[PDB]
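Read through the structure below, which is laid out as structure tokens, and then see the notes.
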Amino acid sequence: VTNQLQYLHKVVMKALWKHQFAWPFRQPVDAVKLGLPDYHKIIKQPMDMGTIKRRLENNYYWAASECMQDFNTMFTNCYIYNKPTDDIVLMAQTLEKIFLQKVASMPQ
Amino acid sequence: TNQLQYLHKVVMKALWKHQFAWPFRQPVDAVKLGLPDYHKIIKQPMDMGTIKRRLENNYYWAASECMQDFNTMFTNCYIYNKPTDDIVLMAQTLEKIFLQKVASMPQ
Ligand SMILES: CCCn1cnc2c1c(=O)[nH]c(=O)n2C
Ligand SMILES: CCCn1cnc2c1c(=O)[nH]c(=O)n2C
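Just so you know, the protein sequences line up as chains P and A, in that order. The numbers in full-length UniProt numbering rise by one with no breaks, and the one at position 93 of the first sequence is 167. The numbers in full-length UniProt numbering rise by one with no breaks, and the one at position 75 of the second sequence is 150.
What follows is the structure, encoded as structure tokens:
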């Protein structure tokens, strides 16, 4: 438990989990359910908000930046895999701007 | 602000001389790099040289305002290039440096 992991839990993760564009990221990418067969060929390190929150809630992270990186690989997985015109990409951009805003006022 | 100076003098410093930074020091010239559809795909181009001229003319109004530019830069790269391209790895390496350097930004 660090002041940054605490800020990532109660400020960042609280803002992003309840957001109206959060629902595609609240759980891992189910490639058979979403009809995306190539996904785990293109995206070798999947990541999603449900995993990040359990880890914050479970003391999994040690230095916050590791949690910041899990957020970042989540967003980039979406930009890398999906078409540029896909609504999902715009939803990833909107959640990300918020993440960046909130980390901009983070301590230590 | 001090945040804009930290982003100019610690954050932009550490990414600019990186060995993977050269594709991002100056705007994408679509015709030289062999990417003609670039501007159909990328509606808001961005590059560290633009963020740099803006950092030293006090263009930015907040730290986040400038961190957004950095983010658009990395995101154009992921969106435009094929997942297998070496520039995708370069952006991720540069981007992870930015996030750790931003984490320890004052206030
Ligand atoms: C709204 C599109 C369905 N969907 C849900 N989750 C997704 C996707 C997708 O097409 N691409 C993705 O990357 N993820 C995480
Ligand atoms: C290293 C590949 C050529 N190249 C140089 N700069 C680039 C690219 C590219 O393929 N895609 C880009 O986005 N930029 C900025």
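The C-beta atom is built at its ideal place from N, Cα and C for all residues, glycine as well.
Spatial neighbours of residue i within its chain, please: CB distance less than 7 Å, with the 5 preceding and 5 following residues excluded, ordered by chain position.
{"i": "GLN119(P)", "result": "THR147"}
{"i": "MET165(A)", "result": "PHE95 and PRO98"}
{"i": "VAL85(P)", "result": "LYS176"}
{"i": "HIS83(P)", "result": "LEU130"}
Given residue i, which residues of its chain have a CB within under 8 Å of its CB, disregarding the five upstream and five downstream residues?
{"i": "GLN78(A)", "result": "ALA137, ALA138, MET180, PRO181 and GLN182"}
{"i": "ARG129(P)", "result": "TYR135, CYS141 and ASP144"}
{"i": "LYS157(P)", "result": "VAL163"}
{"i": "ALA105(A)", "result": "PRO111, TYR113 and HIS114"}
{"i": "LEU169(A)", "result": "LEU90, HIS93, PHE95, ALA96, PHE99 and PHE149"}
{"i": "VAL75(P)", "result": "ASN133"}
Determine, for residue i, whether the minimum Cβ-Cβ distance to residues of chain A falls below 7 Å.
{"i": "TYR135(P)", "result": "no"}
{"i": "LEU110(P)", "result": "no"}
{"i": "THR150(P)", "result": "yes"}
{"i": "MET123(P)", "result": "no"}
{"i": "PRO98(P)", "result": "no"}
{"i": "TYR81(P)", "result": "no"}
Quick one: residues in its chain with C-beta nearer than 6 Å to the C-beta of residue i, no 5 flanking neighbours on either side, listed in chain order?
{"i": "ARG100(P)", "result": "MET123 and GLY124"}
{"i": "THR159(P)", "result": "none"}
{"i": "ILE172(P)", "result": "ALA89"}
{"i": "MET121(P)", "result": "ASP144, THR147 and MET148"}
{"i": "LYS127(P)", "result": "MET87"}
{"i": "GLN167(A)", "result": "none"}
If the criterion is Cβ atoms closer than 7 Å, does the pair residue i and residue j meet it?
{"i": "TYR153(P)", "j": "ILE116(P)", "result": "no"}
{"i": "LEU174(P)", "j": "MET87(A)", "result": "no"}
Quick check: is the beta carbon of residue i nearer than 7 Å to any beta carbon in chain P?
{"i": "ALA138(A)", "result": "yes"}
{"i": "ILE172(A)", "result": "no"}
{"i": "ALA178(A)", "result": "yes"}
{"i": "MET87(A)", "result": "no"}
{"i": "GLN175(A)", "result": "yes"}
{"i": "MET142(A)", "result": "yes"}
{"i": "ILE116(A)", "result": "yes"}
{"i": "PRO120(A)", "result": "no"}
{"i": "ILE126(A)", "result": "no"}
{"i": "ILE154(A)", "result": "yes"}
{"i": "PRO102(A)", "result": "no"}
Within 10 angstroms of its Cβ, does residue i collect 16 or more other Cβ (buried), or is it exposed?
{"i": "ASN133(P)", "result": "exposed"}
{"i": "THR150(P)", "result": "buried"}
{"i": "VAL177(A)", "result": "buried"}
{"i": "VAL103(A)", "result": "buried"}
{"i": "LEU108(P)", "result": "exposed"}
{"i": "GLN80(A)", "result": "exposed"}
Between residue i and chain B, is the shortest Cβ-Cβ distance under 7 Å, so that the two count as touching?
{"i": "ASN146(P)", "result": "The structure shown contains no chain B; its protein chains are P and A."}
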